[PDB]
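Trainee: Protein chains in written order, with my numbering: chain D, 1 to 128; chain U, 1001 to 1055; chain C, 2001 to 2047.
Note that CB positions come from ideal geometry on N, CA and C, so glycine has one too.
Have a look at this one.
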Amino acid sequence: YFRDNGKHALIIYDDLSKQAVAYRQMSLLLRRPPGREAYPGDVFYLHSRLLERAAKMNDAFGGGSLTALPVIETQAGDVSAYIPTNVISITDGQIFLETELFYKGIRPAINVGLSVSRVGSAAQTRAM
Amino acid sequence: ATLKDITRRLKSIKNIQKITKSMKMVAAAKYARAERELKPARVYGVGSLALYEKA
Amino acid sequence: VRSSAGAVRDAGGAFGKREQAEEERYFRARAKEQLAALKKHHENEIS
């Protein structure tokens, strides 16, 4: 609504790894056949159709925007898991938080080595 | 960890073990040579110290 | 299960980072030396 009415919005799904679990429970109780790790087949779609709504409308469509900051939770840093990889291949950037950095004193634990942002140059003030 | 983590760690440790075995062999050869060359130098240096402990 | 060349830096454990640093420090030093020599040659070859 906000992005369609020329305003700017920010949405923070927290977590998406629990929406995936709720969807899996629904799908298993409707008797739909399971998939990998028991998640339904349509588990990528579930998220891709949801994170694709965070657009940046041009000035003809109001100019409004909707940023999204999905939050995923990995297991012992296994970024290679199923839902983490799906959402990593869906989103633009990433912000890797690591426990080894959290306890080494670096807080926020952002792992600047791996954290990425496709926009990069653009969307940054000239001084910064 | 997962299977790939364990596989990579196992391969790395196997390489490390190979390298340390090779280095042990090299060090043993160099040690044998060093002992062989140390005997005469042992007598030579002990002689050179002779004076001070005698006077 | 076997082992292959260049596996210590594929795991990326402690030995991988240790080796990467042991390489980078040495080659930074040699690059500094070579740059000094390059500057000296530049100056000595102007004439």
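Please check the pair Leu10 (chain D) and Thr91 (chain D), which I expect to be a contact at CB under 8 Å, by giving their CB distance rounded to whole angstroms.
Mentor: Actually they are not in contact, since the Cβ atoms of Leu10 (chain D) and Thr91 (chain D) sit about 15 Å apart, beyond 8 Å.
Trainee: Could you check which residue in D:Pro34, D:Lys56, D:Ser48 and D:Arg32 has the C-alpha nearest to that of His8 (chain D)?
Mentor: The option with the nearest alpha carbon to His8 (chain D) is D:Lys56.
Trainee: So, are the CB atoms of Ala2014 (chain C) and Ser1012 (chain U) less than 7 Å apart?
Mentor: Against a cut-off of 7 Å, the Cβ pair of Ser1012 (chain U) and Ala2014 (chain C) comes out as no contact.
Trainee: For the stretch 6-58 of chain D, which segments carrying the alpha helix (DSSP H) assignment without a break, of at least 4 residues, lie completely within its bounds, in sequence order?
Mentor: Counting only runs of 4 or more, we get 17-29 and 43-51.
Trainee: Given a cut-off of 7 Å, decide if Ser115 (chain D) and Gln94 (chain D) are closer than it, judged by their beta-carbon atoms.
Mentor: Yes. Within cutoff.
Trainee: Are there three or more Cβ pairs, one per stretch, closer than 8 Å when the stretch 95-114 of chain D is compared with the stretch 1028-1039 of chain U?
Mentor: No, because fewer than three Cβ pairs between the stretch 95-114 of chain D and the stretch 1028-1039 of chain U fall closer than 8 Å, the two stretches do not touch.
Trainee: Nearest-angstrom Cα distance between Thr125 (chain D) and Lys1014 (chain U)?
Mentor: Straight-line Cα distance between these residues: approximately 50 Å.
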